[PDB]
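*Asks:* mmCIF, C-alpha atoms, saved as input13.cif, coming up:
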```
data_data
#
loop_
_atom_site.group_PDB
_atom_site.id
_atom_site.type_symbol
_atom_site.label_atom_id
_atom_site.label_comp_id
_atom_site.auth_asym_id
_atom_site.auth_seq_id
_atom_site.Cartn_x
_atom_site.Cartn_y
_atom_site.Cartn_z
ATOM 1 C CA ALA A 1 -3.757 -9.020 15.136
ATOM 2 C CA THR A 2 -6.022 -10.122 12.280
ATOM 3 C CA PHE A 3 -6.168 -8.293 8.972
ATOM 4 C CA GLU A 4 -8.947 -9.364 6.702
ATOM 5 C CA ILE A 5 -7.877 -8.459 3.143
ATOM 6 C CA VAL A 6 -10.827 -8.226 0.763
ATOM 7 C CA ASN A 7 -10.575 -7.793 -3.033
ATOM 8 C CA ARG A 8 -13.664 -5.820 -4.220
ATOM 9 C CA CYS A 9 -12.016 -5.038 -7.598
ATOM 10 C CA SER A 10 -13.415 -6.622 -10.753
ATOM 11 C CA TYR A 11 -9.943 -8.077 -11.567
ATOM 12 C CA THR A 12 -7.806 -10.573 -9.613
ATOM 13 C CA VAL A 13 -5.079 -9.209 -7.413
ATOM 14 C CA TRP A 14 -2.346 -10.957 -5.472
ATOM 15 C CA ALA A 15 -2.233 -9.553 -1.987
ATOM 16 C CA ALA A 16 1.102 -9.133 -0.310
ATOM 17 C CA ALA A 17 2.098 -8.549 3.306
ATOM 18 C CA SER A 18 5.698 -7.968 4.558
ATOM 19 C CA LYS A 19 7.693 -5.948 7.068
ATOM 20 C CA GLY A 20 10.563 -5.610 4.627
ATOM 21 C CA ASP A 21 12.904 -8.341 5.874
ATOM 22 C CA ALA A 22 10.229 -11.058 6.436
ATOM 23 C CA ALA A 23 6.779 -12.177 5.235
ATOM 24 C CA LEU A 24 3.826 -11.365 7.467
ATOM 25 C CA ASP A 25 1.736 -14.574 7.677
ATOM 26 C CA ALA A 26 2.174 -16.401 4.352
ATOM 27 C CA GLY A 27 3.367 -13.125 2.699
ATOM 28 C CA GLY A 28 1.131 -13.408 -0.357
ATOM 29 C CA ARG A 29 -1.948 -15.084 -1.949
ATOM 30 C CA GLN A 30 -4.155 -14.744 -5.018
ATOM 31 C CA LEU A 31 -7.534 -12.977 -4.381
ATOM 32 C CA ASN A 32 -10.087 -13.357 -7.174
ATOM 33 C CA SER A 33 -12.775 -10.681 -7.393
ATOM 34 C CA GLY A 34 -14.714 -10.725 -4.147
ATOM 35 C CA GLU A 35 -12.425 -13.131 -2.217
ATOM 36 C CA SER A 36 -11.354 -12.436 1.397
ATOM 37 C CA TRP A 37 -8.092 -13.695 2.921
ATOM 38 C CA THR A 38 -7.580 -13.278 6.698
ATOM 39 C CA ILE A 39 -4.004 -13.065 7.941
ATOM 40 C CA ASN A 40 -2.388 -13.014 11.339
ATOM 41 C CA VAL A 41 0.244 -10.351 12.020
ATOM 42 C CA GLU A 42 2.376 -10.697 15.196
ATOM 43 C CA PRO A 43 1.854 -8.064 17.932
ATOM 44 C CA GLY A 44 4.679 -5.527 17.913
ATOM 45 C CA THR A 45 5.146 -5.608 14.103
ATOM 46 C CA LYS A 46 6.853 -2.293 13.207
ATOM 47 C CA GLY A 47 6.833 -0.971 9.563
ATOM 48 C CA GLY A 48 4.503 -3.675 8.171
ATOM 49 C CA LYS A 49 2.813 -3.068 4.781
ATOM 50 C CA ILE A 50 0.045 -4.695 2.740
ATOM 51 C CA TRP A 51 -0.446 -4.051 -0.979
ATOM 52 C CA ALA A 52 -1.984 -5.494 -4.091
ATOM 53 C CA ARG A 53 -0.081 -6.779 -7.041
ATOM 54 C CA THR A 54 -1.658 -6.874 -10.534
ATOM 55 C CA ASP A 55 -1.176 -9.167 -13.588
ATOM 56 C CA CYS A 56 0.902 -11.816 -11.945
ATOM 57 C CA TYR A 57 2.065 -15.181 -13.380
ATOM 58 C CA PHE A 58 3.427 -17.796 -10.972
ATOM 59 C CA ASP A 59 4.617 -21.338 -11.673
ATOM 60 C CA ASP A 60 3.838 -24.400 -9.574
ATOM 61 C CA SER A 61 6.609 -23.448 -7.078
ATOM 62 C CA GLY A 62 5.336 -19.850 -6.491
ATOM 63 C CA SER A 63 7.975 -18.152 -8.724
ATOM 64 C CA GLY A 64 7.151 -15.658 -11.495
ATOM 65 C CA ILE A 65 6.405 -11.944 -12.052
ATOM 66 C CA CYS A 66 3.714 -9.248 -11.475
ATOM 67 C CA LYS A 67 3.330 -6.030 -13.512
ATOM 68 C CA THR A 68 2.938 -4.054 -10.269
ATOM 69 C CA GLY A 69 4.136 -4.649 -6.745
ATOM 70 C CA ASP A 70 6.346 -7.632 -7.670
ATOM 71 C CA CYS A 71 8.331 -8.751 -4.594
ATOM 72 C CA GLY A 72 11.399 -10.453 -6.194
ATOM 73 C CA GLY A 73 9.264 -12.819 -8.291
ATOM 74 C CA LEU A 74 7.705 -14.641 -5.304
ATOM 75 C CA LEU A 75 4.015 -15.485 -4.699
ATOM 76 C CA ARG A 76 4.717 -15.394 -0.987
ATOM 77 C CA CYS A 77 6.348 -11.963 -0.391
ATOM 78 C CA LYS A 78 9.368 -11.772 1.957
ATOM 79 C CA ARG A 79 10.381 -8.226 0.924
ATOM 80 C CA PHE A 80 8.560 -5.032 -0.213
ATOM 81 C CA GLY A 81 7.147 -4.828 -3.748
ATOM 82 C CA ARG A 82 8.228 -2.933 -6.797
ATOM 83 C CA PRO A 83 6.483 0.460 -7.332
ATOM 84 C CA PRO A 84 3.938 1.599 -8.228
ATOM 85 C CA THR A 85 2.112 0.221 -5.119
ATOM 86 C CA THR A 86 -0.602 1.872 -3.049
ATOM 87 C CA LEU A 87 0.530 0.942 0.524
ATOM 88 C CA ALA A 88 -1.402 0.107 3.701
ATOM 89 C CA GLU A 89 1.246 0.822 6.368
ATOM 90 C CA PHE A 90 1.118 -0.051 10.095
ATOM 91 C CA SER A 91 3.108 -0.304 13.329
ATOM 92 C CA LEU A 92 1.322 -2.259 16.059
ATOM 93 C CA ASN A 93 1.713 -2.134 19.916
ATOM 94 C CA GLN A 94 4.060 0.863 19.763
ATOM 95 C CA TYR A 95 3.965 1.987 23.396
ATOM 96 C CA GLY A 96 0.385 0.957 23.932
ATOM 97 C CA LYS A 97 -0.973 2.082 20.512
ATOM 98 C CA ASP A 98 -1.326 1.041 16.859
ATOM 99 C CA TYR A 99 -0.542 3.494 14.019
ATOM 100 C CA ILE A 100 -1.969 3.129 10.475
ATOM 101 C CA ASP A 101 -1.885 5.075 7.239
ATOM 102 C CA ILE A 102 -2.095 4.808 3.515
ATOM 103 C CA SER A 103 0.867 6.010 1.455
ATOM 104 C CA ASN A 104 1.288 7.022 -2.254
ATOM 105 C CA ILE A 105 5.081 7.688 -1.718
ATOM 106 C CA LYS A 106 5.791 4.531 -3.718
ATOM 107 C CA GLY A 107 3.108 5.356 -6.299
ATOM 108 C CA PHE A 108 -0.415 3.952 -6.756
ATOM 109 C CA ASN A 109 -1.706 0.805 -8.466
ATOM 110 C CA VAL A 110 -5.085 -0.144 -6.847
ATOM 111 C CA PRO A 111 -7.458 1.933 -4.757
ATOM 112 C CA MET A 112 -7.702 0.896 -1.102
ATOM 113 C CA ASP A 113 -9.602 1.410 2.135
ATOM 114 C CA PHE A 114 -7.661 0.573 5.355
ATOM 115 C CA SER A 115 -10.038 0.501 8.374
ATOM 116 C CA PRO A 116 -10.112 -0.945 11.963
ATOM 117 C CA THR A 117 -12.736 -3.693 12.489
ATOM 118 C CA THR A 118 -12.620 -2.996 16.245
ATOM 119 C CA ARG A 119 -13.470 0.151 18.169
ATOM 120 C CA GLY A 120 -11.742 3.362 18.882
ATOM 121 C CA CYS A 121 -10.477 5.036 15.649
ATOM 122 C CA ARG A 122 -11.404 5.807 12.053
ATOM 123 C CA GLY A 123 -10.204 4.189 8.805
ATOM 124 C CA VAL A 124 -8.289 5.921 5.912
ATOM 125 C CA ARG A 125 -8.963 5.570 2.206
ATOM 126 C CA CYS A 126 -7.460 6.439 -1.162
ATOM 127 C CA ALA A 127 -10.071 5.346 -3.650
ATOM 128 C CA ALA A 128 -9.915 8.025 -6.373
ATOM 129 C CA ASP A 129 -9.023 7.007 -9.987
ATOM 130 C CA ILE A 130 -5.339 7.921 -9.691
ATOM 131 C CA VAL A 131 -4.283 5.619 -12.556
ATOM 132 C CA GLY A 132 -6.777 7.114 -15.084
ATOM 133 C CA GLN A 133 -5.860 10.691 -14.025
ATOM 134 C CA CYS A 134 -2.084 10.038 -13.599
ATOM 135 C CA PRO A 135 0.207 12.783 -15.080
ATOM 136 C CA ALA A 136 1.733 11.622 -18.420
ATOM 137 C CA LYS A 137 5.332 11.576 -17.055
ATOM 138 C CA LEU A 138 4.329 9.382 -14.076
ATOM 139 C CA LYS A 139 2.306 6.734 -15.999
ATOM 140 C CA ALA A 140 3.943 3.278 -15.538
ATOM 141 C CA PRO A 141 3.908 1.508 -18.938
ATOM 142 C CA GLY A 142 3.534 -1.672 -16.920
ATOM 143 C CA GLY A 143 0.266 -0.349 -15.274
ATOM 144 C CA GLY A 144 -0.223 2.138 -12.365
ATOM 145 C CA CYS A 145 1.005 5.644 -11.508
ATOM 146 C CA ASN A 146 4.632 5.972 -10.274
ATOM 147 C CA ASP A 147 5.773 8.402 -7.623
ATOM 148 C CA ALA A 148 8.216 11.101 -8.829
ATOM 149 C CA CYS A 149 11.112 9.616 -6.774
ATOM 150 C CA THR A 150 10.873 6.336 -8.639
ATOM 151 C CA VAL A 151 10.677 8.151 -12.003
ATOM 152 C CA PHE A 152 13.268 10.918 -11.597
ATOM 153 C CA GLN A 153 15.627 9.923 -8.734
ATOM 154 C CA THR A 154 16.247 13.477 -7.370
ATOM 155 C CA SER A 155 17.007 14.561 -3.775
ATOM 156 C CA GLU A 156 13.909 16.726 -3.909
ATOM 157 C CA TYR A 157 11.419 13.890 -4.796
ATOM 158 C CA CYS A 158 13.175 11.217 -2.803
ATOM 159 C CA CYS A 159 13.719 13.582 0.214
ATOM 160 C CA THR A 160 17.188 12.145 0.509
ATOM 161 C CA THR A 161 18.568 15.068 2.575
ATOM 162 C CA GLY A 162 15.533 15.031 4.916
ATOM 163 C CA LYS A 163 14.726 18.573 3.718
ATOM 164 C CA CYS A 164 12.249 18.425 0.786
ATOM 165 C CA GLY A 165 8.908 20.188 0.070
ATOM 166 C CA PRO A 166 5.704 19.347 -1.873
ATOM 167 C CA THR A 167 6.040 19.269 -5.619
ATOM 168 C CA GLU A 168 3.782 19.424 -8.618
ATOM 169 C CA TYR A 169 3.769 15.627 -8.695
ATOM 170 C CA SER A 170 3.197 15.128 -4.843
ATOM 171 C CA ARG A 171 0.299 17.630 -5.107
ATOM 172 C CA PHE A 172 -1.400 15.494 -7.781
ATOM 173 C CA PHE A 173 -1.540 12.469 -5.402
ATOM 174 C CA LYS A 174 -2.529 14.710 -2.445
ATOM 175 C CA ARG A 175 -5.309 16.315 -4.558
ATOM 176 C CA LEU A 176 -6.814 13.017 -5.526
ATOM 177 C CA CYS A 177 -6.215 11.435 -2.074
ATOM 178 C CA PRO A 178 -5.905 13.976 0.718
ATOM 179 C CA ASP A 179 -5.954 11.225 3.340
ATOM 180 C CA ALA A 180 -2.748 9.478 2.104
ATOM 181 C CA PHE A 181 0.899 10.477 2.276
ATOM 182 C CA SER A 182 1.962 12.132 -1.028
ATOM 183 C CA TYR A 183 5.681 12.693 -0.216
ATOM 184 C CA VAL A 184 8.089 11.731 2.588
ATOM 185 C CA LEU A 185 7.540 14.955 4.663
ATOM 186 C CA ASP A 186 3.876 15.352 3.902
ATOM 187 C CA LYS A 187 1.783 16.557 6.920
ATOM 188 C CA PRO A 188 1.058 13.120 8.616
ATOM 189 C CA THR A 189 -2.286 11.458 7.877
ATOM 190 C CA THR A 190 -1.437 8.682 10.401
ATOM 191 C CA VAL A 191 -4.360 7.414 12.509
ATOM 192 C CA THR A 192 -3.744 6.340 16.156
ATOM 193 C CA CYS A 193 -5.768 3.176 17.031
ATOM 194 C CA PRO A 194 -5.999 1.251 20.388
ATOM 195 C CA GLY A 195 -3.004 -1.227 20.770
ATOM 196 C CA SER A 196 -3.981 -4.650 19.362
ATOM 197 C CA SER A 197 -6.778 -3.445 17.098
ATOM 198 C CA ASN A 198 -7.810 -5.647 14.142
ATOM 199 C CA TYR A 199 -8.281 -4.351 10.610
ATOM 200 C CA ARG A 200 -9.626 -4.846 7.124
ATOM 201 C CA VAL A 201 -7.849 -3.821 3.902
ATOM 202 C CA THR A 202 -10.328 -3.547 1.018
ATOM 203 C CA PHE A 203 -9.074 -3.151 -2.573
ATOM 204 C CA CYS A 204 -11.402 -1.091 -4.810
ATOM 205 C CA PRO A 205 -13.653 -0.188 -1.892
ATOM 206 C CA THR A 206 -15.951 1.976 -4.074
ATOM 207 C CA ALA A 207 -15.705 -0.077 -7.434
#
```
Mind turning the file's structure into structure tokens?
*Replies:*
Amino acid sequence: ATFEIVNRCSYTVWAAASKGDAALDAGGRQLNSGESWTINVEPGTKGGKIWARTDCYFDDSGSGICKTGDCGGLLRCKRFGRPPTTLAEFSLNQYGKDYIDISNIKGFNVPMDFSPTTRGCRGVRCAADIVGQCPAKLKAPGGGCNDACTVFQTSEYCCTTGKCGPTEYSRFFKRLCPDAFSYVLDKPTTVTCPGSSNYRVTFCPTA
């Protein structure tokens, strides 16, 4: 499946793509403002994610640090990134179908649209200014808006027992972005697409 990742933000981002224990495609690449990077993701990929990382420094071997979404200091991500990270999440060819969503469960750094480029389903988007409006206690001094699990490490925010409810913090993300997951048991905003669809992830789709 092809995912065209487009950076419409006015700042550089370093895109990242991983299924948690492996890179997808090259796993990561710099995207200056306006640049598009097309990756290939193997059919059947389950629990894949794409995100942006901000304010990265890498040396000549691809080792360094990002202020958001850092994936163990690598340019080419092999593992998931450090919160806060707005997440494009997908499982492809799962019994005939693809499933996509956007999640704020690991916080928010960059606004995102995640849409099919082929027929048969709608895209999802979380493009509101969550960083500017972020509650004081969730603001990440590094940049971005942390989820409450990351900040407070409770059973209730992290949904550790499988039995949690919405919270004042989850409701803030859900208010600004109704179409993204705001906590682990949120009512699903997953979109079912035809198996083997292709997609585009656009950072800052409205700015």
*Asks:* Considering all atoms listed in the file, return as a list in words whatever protein or nucleic-acid residues lie within 9 Å of residue 192 (chain A), sequence-local ones (same chain, fewer than 2 positions apart) excluded.
*Replies:*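 Final neighbour list, sorted by chain and number: residues 97, 98, 99, 100, 120, 121, 122, 190, 194 and 195 of chain A.
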*Asks:* Between CA of residue 179 (chain A) and CA of residue 107 (chain A), measure the distance and give it in Å to one decimal.
*Replies:*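 Pair CA of residue 179 (chain A) / CA of residue 107 (chain A) returns 14.5 Å.
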*Asks:* What do you get, as a ChimeraX atom specification, if you spell out every residue that the PyMOL selection byres ((chain A and resi 16) around 8) selects here?
*Replies:* /A:14-15,17-18,27-29,50-53,76-77
*Asks:* Using C-alpha atoms, can you export the residues from the last selection as a compact mmCIF listing (two decimals), in the frame of the given file?
*Replies:*
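Saved to selection_31.txt:
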```txt
# COMPACT_ATOMS: atom_id res chain seq x y z
CA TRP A 14 -2.35 -10.96 -5.47
CA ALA A 15 -2.23 -9.55 -1.99
CA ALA A 17 2.10 -8.55 3.31
CA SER A 18 5.70 -7.97 4.56
CA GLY A 27 3.37 -13.12 2.70
CA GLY A 28 1.13 -13.41 -0.36
CA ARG A 29 -1.95 -15.08 -1.95
CA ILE A 50 0.04 -4.70 2.74
CA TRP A 51 -0.45 -4.05 -0.98
CA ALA A 52 -1.98 -5.49 -4.09
CA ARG A 53 -0.08 -6.78 -7.04
CA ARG A 76 4.72 -15.39 -0.99
CA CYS A 77 6.35 -11.96 -0.39
```
*Asks:* Counting all atoms listed in the file, note down every residue that has an atom within 9 Å of the point (-4.6, -12.6, 5.9) (file coordinates), as an mmCIF file with C-alpha atoms, in the frame of the given file.
*Replies:*
```cif
data_model
loop_
_atom_site.group_PDB
_atom_site.id
_atom_site.type_symbol
_atom_site.label_atom_id
_atom_site.label_comp_id
_atom_site.auth_asym_id
_atom_site.auth_seq_id
_atom_site.Cartn_x
_atom_site.Cartn_y
_atom_site.Cartn_z
ATOM 1 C CA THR A 2 -6.022 -10.122 12.280
ATOM 2 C CA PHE A 3 -6.168 -8.293 8.972
ATOM 3 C CA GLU A 4 -8.947 -9.364 6.702
ATOM 4 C CA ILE A 5 -7.877 -8.459 3.143
ATOM 5 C CA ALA A 15 -2.233 -9.553 -1.987
ATOM 6 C CA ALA A 17 2.098 -8.549 3.306
ATOM 7 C CA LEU A 24 3.826 -11.365 7.467
ATOM 8 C CA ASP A 25 1.736 -14.574 7.677
ATOM 9 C CA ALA A 26 2.174 -16.401 4.352
ATOM 10 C CA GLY A 27 3.367 -13.125 2.699
ATOM 11 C CA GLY A 28 1.131 -13.408 -0.357
ATOM 12 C CA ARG A 29 -1.948 -15.084 -1.949
ATOM 13 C CA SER A 36 -11.354 -12.436 1.397
ATOM 14 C CA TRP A 37 -8.092 -13.695 2.921
ATOM 15 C CA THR A 38 -7.580 -13.278 6.698
ATOM 16 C CA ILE A 39 -4.004 -13.065 7.941
ATOM 17 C CA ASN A 40 -2.388 -13.014 11.339
ATOM 18 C CA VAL A 41 0.244 -10.351 12.020
#
```
*Asks:* Find the spatial neighbours of residue 149 (chain A), counting all atoms listed in the file, within a cut-off of 8 Å - ignore same-chain residues fewer than 5 positions away - and output them as JSON, numbers by chain.
*Replies:* {"A": [106, 154, 157, 158]}
*Asks:* Please write the residues from the selection above to a file, keeping C-alpha atoms, as a PDB file, in the frame of the given file.
*Replies:*
```pdb
ATOM      1  CA  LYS A 106       5.791   4.531  -3.718  1.00  0.00           C
ATOM      2  CA  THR A 154      16.247  13.477  -7.370  1.00  0.00           C
ATOM      3  CA  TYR A 157      11.419  13.890  -4.796  1.00  0.00           C
ATOM      4  CA  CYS A 158      13.175  11.217  -2.803  1.00  0.00           C
TER       5      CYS A 158
END
```
*Asks:* Nearest residue to residue 11 (chain A) out of A:153, A:165, A:46, A:54, using all atoms listed in the file?
*Replies:*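 Of all the options, A:54 lies closest to residue 11 (chain A).
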*Asks:* Hey, could you make a per-residue contact list for region 63-177 of chain A against region 181-185 of chain A with 9 Å as the cut-off, showing the nearest pair of atoms and its distance in Å to one decimal, counting all atoms listed in the file, sorted by chain and number, as a Markdown table?
*Replies:*
```
| residue | atom | partner | partner_atom | distance |
| --- | --- | --- | --- | --- |
| A:101 | CA | A:181 | CA | 7.8 |
| A:102 | CA | A:181 | CA | 6.5 |
| A:103 | CA | A:181 | CA | 4.5 |
| A:104 | CA | A:182 | CA | 5.3 |
| A:105 | CA | A:183 | CA | 5.3 |
| A:106 | CA | A:183 | CA | 8.9 |
| A:107 | CA | A:182 | CA | 8.7 |
| A:147 | CA | A:182 | CA | 8.5 |
| A:157 | CA | A:183 | CA | 7.4 |
| A:158 | CA | A:184 | CA | 7.4 |
| A:159 | CA | A:184 | CA | 6.4 |
| A:162 | CA | A:185 | CA | 8.0 |
| A:163 | CA | A:185 | CA | 8.1 |
| A:164 | CA | A:185 | CA | 7.0 |
| A:165 | CA | A:185 | CA | 7.1 |
| A:166 | CA | A:183 | CA | 6.9 |
| A:167 | CA | A:183 | CA | 8.5 |
| A:169 | CA | A:182 | CA | 8.6 |
| A:170 | CA | A:182 | CA | 5.0 |
| A:171 | CA | A:182 | CA | 7.0 |
| A:172 | CA | A:182 | CA | 8.3 |
| A:173 | CA | A:182 | CA | 5.6 |
| A:174 | CA | A:182 | CA | 5.4 |
| A:177 | CA | A:182 | CA | 8.3 |
```
*Asks:* Can you tell me which residues surround residue 109 (chain A) at a distance of at most 7 Å, considering all atoms listed in the file, apart from same-chain residues fewer than 3 positions away, and format the answer as a ChimeraX atom specification?
*Replies:* /A:68,84-86,131,144-145
*Asks:* Mind giving me the straight-line distance from CA of residue 191 (chain A) to CA of residue 69 (chain A) in Å, one decimal?
*Replies:*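 Taking CA of residue 191 (chain A) as the start and CA of residue 69 (chain A) as the end point, the length is 24.3 Å.
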*Asks:* Can you pull out the residues contacting residue 66 (chain A)? Cut-off 10 Å, using only C-alpha atoms, and skip same-chain residues under 2 positions away; I want them as a ChimeraX atom specification.
*Replies:* /A:13-14,53-58,64,68-75,81-82,142
*Asks:* Can you spit out the residues from that selection as a PDB file, in the frame of the given file, using C-alpha atoms?
*Replies:*
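Written file, again16.pdb:
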```pdb
ATOM      1  CA  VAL A  13      -5.079  -9.209  -7.413  1.00  0.00           C
ATOM      2  CA  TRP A  14      -2.346 -10.957  -5.472  1.00  0.00           C
ATOM      3  CA  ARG A  53      -0.081  -6.779  -7.041  1.00  0.00           C
ATOM      4  CA  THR A  54      -1.658  -6.874 -10.534  1.00  0.00           C
ATOM      5  CA  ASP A  55      -1.176  -9.167 -13.588  1.00  0.00           C
ATOM      6  CA  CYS A  56       0.902 -11.816 -11.945  1.00  0.00           C
ATOM      7  CA  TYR A  57       2.065 -15.181 -13.380  1.00  0.00           C
ATOM      8  CA  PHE A  58       3.427 -17.796 -10.972  1.00  0.00           C
ATOM      9  CA  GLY A  64       7.151 -15.658 -11.495  1.00  0.00           C
ATOM     10  CA  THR A  68       2.938  -4.054 -10.269  1.00  0.00           C
ATOM     11  CA  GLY A  69       4.136  -4.649  -6.745  1.00  0.00           C
ATOM     12  CA  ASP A  70       6.346  -7.632  -7.670  1.00  0.00           C
ATOM     13  CA  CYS A  71       8.331  -8.751  -4.594  1.00  0.00           C
ATOM     14  CA  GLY A  72      11.399 -10.453  -6.194  1.00  0.00           C
ATOM     15  CA  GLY A  73       9.264 -12.819  -8.291  1.00  0.00           C
ATOM     16  CA  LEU A  74       7.705 -14.641  -5.304  1.00  0.00           C
ATOM     17  CA  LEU A  75       4.015 -15.485  -4.699  1.00  0.00           C
ATOM     18  CA  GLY A  81       7.147  -4.828  -3.748  1.00  0.00           C
ATOM     19  CA  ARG A  82       8.228  -2.933  -6.797  1.00  0.00           C
ATOM     20  CA  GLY A 142       3.534  -1.672 -16.920  1.00  0.00           C
TER      21      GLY A 142
END
```
*Asks:* Show me, as a PDB file with C-alpha atoms, in the coordinates of the input, the residues that have an atom within 7 Å of residue 112 (chain A) when counting all atoms listed in the file, minus same-chain residues fewer than 2 positions from it.
*Replies:*
```pdb
ATOM      1  CA  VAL A 110      -5.085  -0.144  -6.847  1.00  0.00           C
ATOM      2  CA  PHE A 114      -7.661   0.573   5.355  1.00  0.00           C
ATOM      3  CA  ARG A 125      -8.963   5.570   2.206  1.00  0.00           C
ATOM      4  CA  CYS A 126      -7.460   6.439  -1.162  1.00  0.00           C
ATOM      5  CA  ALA A 127     -10.071   5.346  -3.650  1.00  0.00           C
ATOM      6  CA  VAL A 201      -7.849  -3.821   3.902  1.00  0.00           C
ATOM      7  CA  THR A 202     -10.328  -3.547   1.018  1.00  0.00           C
ATOM      8  CA  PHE A 203      -9.074  -3.151  -2.573  1.00  0.00           C
ATOM      9  CA  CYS A 204     -11.402  -1.091  -4.810  1.00  0.00           C
ATOM     10  CA  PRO A 205     -13.653  -0.188  -1.892  1.00  0.00           C
TER      11      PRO A 205
END
```
*Asks:* Record the distance separating CA of residue 80 (chain A) and CA of residue 132 (chain A), expressed in Å with one decimal.
*Replies:*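 We find that CA of residue 80 (chain A) and CA of residue 132 (chain A) lie 24.6 Å from each other.
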*Asks:* Box time for region 122-137 of chain A: axis-aligned, enclosing all its listed atoms, 8 Å extra on each side; report centre and edge lengths in Å to one decimal, as JSON.
*Replies:*
```
{"center_x": -3.0, "center_y": 8.5, "center_z": -3.2, "size_x": 32.7, "size_y": 24.6, "size_z": 46.5}
```
*Asks:* With distances taken over only C-alpha atoms, which of A:197, A:138, A:83, A:155 is nearest to residue 67 (chain A)?
*Replies:*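 Looking at the shortest contact to residue 67 (chain A), the residue is A:83.
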*Asks:* Could you list as an mmCIF file with C-alpha atoms, in the coordinates of the input every residue that has an atom within 8 Å of (11.2, -7.7, 6.8), using the file's coordinates and counting all atoms listed in the file?
*Replies:*
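That gives us out.cif:
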```cif
data_model
loop_
_atom_site.group_PDB
_atom_site.id
_atom_site.type_symbol
_atom_site.label_atom_id
_atom_site.label_comp_id
_atom_site.auth_asym_id
_atom_site.auth_seq_id
_atom_site.Cartn_x
_atom_site.Cartn_y
_atom_site.Cartn_z
ATOM 1 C CA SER A 18 5.698 -7.968 4.558
ATOM 2 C CA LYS A 19 7.693 -5.948 7.068
ATOM 3 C CA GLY A 20 10.563 -5.610 4.627
ATOM 4 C CA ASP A 21 12.904 -8.341 5.874
ATOM 5 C CA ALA A 22 10.229 -11.058 6.436
ATOM 6 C CA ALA A 23 6.779 -12.177 5.235
ATOM 7 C CA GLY A 48 4.503 -3.675 8.171
ATOM 8 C CA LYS A 78 9.368 -11.772 1.957
ATOM 9 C CA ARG A 79 10.381 -8.226 0.924
ATOM 10 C CA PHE A 80 8.560 -5.032 -0.213
#
```
*Asks:* Counting only C-alpha atoms, figure out which residue out of A:200, A:137, A:187, A:175 gets nearest to residue 115 (chain A).
*Replies:* A:200
*Asks:* List the residues selected by the PyMOL selection byres ((chain A and resi 10) around 9) in the file shown, writing them as a list in words.
*Replies:*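 That expression, the PyMOL selection byres ((chain A and resi 10) around 9), corresponds here to residues 7, 8, 9, 11, 12, 32, 33, 34, 204 and 207 of chain A.
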